[PDB]
Every structure is written in structure tokens, then in C-alpha cells.
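**Student:** Pasting a structure here, questions to come.
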Amino acid sequence: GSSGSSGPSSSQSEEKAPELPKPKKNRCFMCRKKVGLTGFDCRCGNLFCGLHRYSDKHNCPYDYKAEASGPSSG
Ligand SMILES: [Zn+2]
Ligand SMILES: [Zn+2]
């Protein structure tokens, strides 16, 4: 425990703030909307409100689509 008082001596910035923004915060990773239980875990390792879950909705980087049982050239 210590007060620790050192320059700058003048200070005009201090106020309660909400903990840092979680990496998920039970919120979509495309629109950033409260999904909580209505969340959707994509293969790319992200969360979606189901409306973006699709791969062609949030531009899913993953390739699982053209990885297994998917000889689709590309
Ligand atoms: Zn969404
Ligand atoms: Zn994805």
C-alpha cells in the first residue's frame, strides 16, 4: 500500500469506467450485438448472433467449407 505522488503534479482526469471490453462479451463478432444464449460459434473461432453465423455473411476466413468433402477447386 502506497500513495505514490509524483509529477505531473496537476491532474484533471479520473472517473469510474467499465472493465476493459472482453474479446467476446457474449456479443456478435460481426455486428457486435447482445446474443448471450442466442449466440453462434463459427469454425473460424468467432461468435455470431446467428444472423451472420453463415460463412458468406460475415466473410468467414475459414475454409472448412472447401476443406472436407469439398473438392471444389479453390
Ligand atoms: Zn450479428
Ligand atoms: Zn466464421
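All positions are counted from 1 along the displayed chain.
Technique stated in the header: solution NMR.
From the backbone N, Cα and C atoms, a Cβ is placed for every residue, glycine too.
Heads up, here are the entries from Swiss-Prot:
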type: BINDING; residues: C28, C31, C49, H52; note: Zn(2+) 2 binding site
type: COMPBIAS; residues: 13-22; note: compositional bias 'Basic and acidic residues'
type: ZN_FING; residues: 22-68; note: zinc finger
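Below, the features straight out of the PDB entry:
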type: SEQADV; residues: 1-7; note: cloning artifact
type: SEQADV; residues: 69-74; note: cloning artifact
**Student:** Cβ within 8 angstroms of the Cβ centroid of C28, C31, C49, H52: which residues besides those meet this for the Zn(2+) 2 site?
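**Tutor:** Here the non-site neighbours turn out to be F29, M30, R32, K33, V35, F40, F48, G50, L51, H58.
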**Student:** Could you give the number of helix, strand and coil residues in the cloning artifact (69-74) as assigned by DSSP?
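**Tutor:** Its residues divide into 0 helix, 0 strand, 6 coil.
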**Student:** Can you tell me how many other Cβ atoms are located within 10 Å of the Cβ belonging to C31 (Zn(2+) 2 binding site)?
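**Tutor:** Other Cβ atoms found within 10 Å: 13.
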**Student:** When neighbour density is defined as the number of other C-beta atoms within 10 angstroms of a residue's C-beta, which of the binding-site residues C28, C49 has the lowest density?
**Tutor:** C49
**Student:** For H52 (Zn(2+) 2 binding site), just count the other CB atoms lying within 10 A of its CB, please.
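**Tutor:** Taking every protein chain into account, the count is 22.
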**Student:** DSSP says what for the compositional bias 'Basic and acidic residues' (13-22): how many helix, strand, coil residues?
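**Tutor:** Summed over the compositional bias 'Basic and acidic residues' (13-22), the classes give 0 helix, 0 strand, 10 coil.
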